[PDB]
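Here's the structure we're looking at; comments come further down.
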Amino acid sequence: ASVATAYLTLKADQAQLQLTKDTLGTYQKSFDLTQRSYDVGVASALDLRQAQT
Amino acid sequence: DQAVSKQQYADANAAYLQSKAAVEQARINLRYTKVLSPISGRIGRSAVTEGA
């Protein structure tokens, strides 16, 4: 039972790591978009700080 | 870079073009101030003088 539950949490946390790597990808792309929208001039620096946080 | 909508650009382009049309309205209305002679030829005497 313990080896089954340990392998099972291992595989589920592989899946959790993959989905949070995808969320880090989408936040990095949204920060790239907001950095361009700041360097052009439309968005202020406060929206850039919400992108960084 | 697709950091803003394709409709939100079209609305800004339309506002640009119709405010450009309002500037051309005011520019024509200020060009009518200088009374340009509409035709070429011998000009007579001024029926009204300056100050009227």
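Ordering of the structure tokens sets the chain letters (A, B, ...), residue numbers begin anew at 1 in every chain, and ligands are numbered from 1 in the order given.
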May I have the residues of chain B within 10 Å of chain A, counting only C-alpha atoms, written as a short mmCIF file (atom, residue, chain, number, x, y, z; two decimals) with N, CA and C atoms, in the first residue's frame?
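This is the output file out_15.cif:
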```cif
data_model
loop_
_atom_site.label_atom_id
_atom_site.label_comp_id
_atom_site.auth_asym_id
_atom_site.auth_seq_id
_atom_site.Cartn_x
_atom_site.Cartn_y
_atom_site.Cartn_z
N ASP B 1 2.06 42.93 -32.35
CA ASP B 1 2.44 41.92 -31.36
C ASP B 1 1.23 41.26 -30.71
N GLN B 2 0.02 41.69 -31.08
CA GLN B 2 -1.25 41.16 -30.59
C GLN B 2 -1.35 41.32 -29.07
N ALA B 3 -0.98 42.50 -28.60
CA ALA B 3 -1.17 42.88 -27.21
C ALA B 3 -2.44 43.68 -27.01
N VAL B 4 -3.21 43.90 -28.08
CA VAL B 4 -4.50 44.57 -27.99
C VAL B 4 -5.38 44.02 -29.11
#
```
Within 10 Å of residue A:31 using only C-alpha atoms, minus same-chain residues under 5 positions, as a PyMOL selection string: chain A and resi 25-26+36-37+47-53
Can I get the selection written as an mmCIF file, in the first residue's frame, with N, CA, C and O atoms?
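And here is the file that came out, part_8.cif:
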```
data_model
loop_
_atom_site.group_PDB
_atom_site.id
_atom_site.type_symbol
_atom_site.label_atom_id
_atom_site.label_comp_id
_atom_site.auth_asym_id
_atom_site.auth_seq_id
_atom_site.Cartn_x
_atom_site.Cartn_y
_atom_site.Cartn_z
ATOM 1 N N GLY A 25 4.541 29.705 -18.100
ATOM 2 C CA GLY A 25 4.657 30.105 -19.496
ATOM 3 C C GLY A 25 3.642 31.160 -19.904
ATOM 4 O O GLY A 25 3.990 32.142 -20.570
ATOM 5 N N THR A 26 2.380 30.989 -19.489
ATOM 6 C CA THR A 26 1.362 31.978 -19.847
ATOM 7 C C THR A 26 1.577 33.304 -19.131
ATOM 8 O O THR A 26 1.330 34.362 -19.718
ATOM 9 N N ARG A 36 5.646 45.177 -23.658
ATOM 10 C CA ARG A 36 5.552 45.885 -24.934
ATOM 11 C C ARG A 36 4.508 46.995 -24.876
ATOM 12 O O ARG A 36 4.741 48.101 -25.377
ATOM 13 N N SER A 37 3.376 46.741 -24.216
ATOM 14 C CA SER A 37 2.328 47.746 -24.069
ATOM 15 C C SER A 37 2.703 48.875 -23.116
ATOM 16 O O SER A 37 1.986 49.876 -23.061
ATOM 17 N N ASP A 47 0.327 48.632 -14.319
ATOM 18 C CA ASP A 47 -0.016 47.367 -14.963
ATOM 19 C C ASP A 47 1.215 46.503 -15.182
ATOM 20 O O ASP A 47 1.132 45.271 -15.101
ATOM 21 N N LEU A 48 2.368 47.133 -15.410
ATOM 22 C CA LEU A 48 3.622 46.396 -15.457
ATOM 23 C C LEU A 48 3.965 45.784 -14.101
ATOM 24 O O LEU A 48 4.509 44.673 -14.040
ATOM 25 N N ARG A 49 3.612 46.460 -13.004
ATOM 26 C CA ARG A 49 3.871 45.878 -11.690
ATOM 27 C C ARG A 49 2.900 44.758 -11.344
ATOM 28 O O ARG A 49 3.292 43.808 -10.656
ATOM 29 N N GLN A 50 1.647 44.826 -11.808
ATOM 30 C CA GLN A 50 0.789 43.648 -11.656
ATOM 31 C C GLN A 50 1.278 42.477 -12.504
ATOM 32 O O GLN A 50 1.162 41.315 -12.084
ATOM 33 N N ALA A 51 1.861 42.758 -13.673
ATOM 34 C CA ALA A 51 2.454 41.684 -14.466
ATOM 35 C C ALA A 51 3.655 41.056 -13.761
ATOM 36 O O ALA A 51 3.798 39.825 -13.750
ATOM 37 N N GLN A 52 4.502 41.876 -13.129
ATOM 38 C CA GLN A 52 5.641 41.319 -12.399
ATOM 39 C C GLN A 52 5.209 40.542 -11.160
ATOM 40 O O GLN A 52 5.809 39.509 -10.847
ATOM 41 N N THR A 53 4.181 41.010 -10.440
ATOM 42 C CA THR A 53 3.764 40.260 -9.256
ATOM 43 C C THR A 53 3.105 38.930 -9.641
ATOM 44 O O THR A 53 3.324 37.919 -8.955
#
```
Picked from chain B by DSSP as helix (DSSP H, G or I), as a list in words: residues 7, 8, 9, 10, 11, 12, 13, 14, 15, 16, 17, 18, 19, 20, 21, 22, 23, 24, 25, 26, 27, 28, 29, 30 and 31 of chain B
Distance in Å - atom CA of residue A:46 versus atom CA of residue B:6: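 Taking atom CA of residue A:46 and atom CA of residue B:6, their separation equals 23.9 Å.
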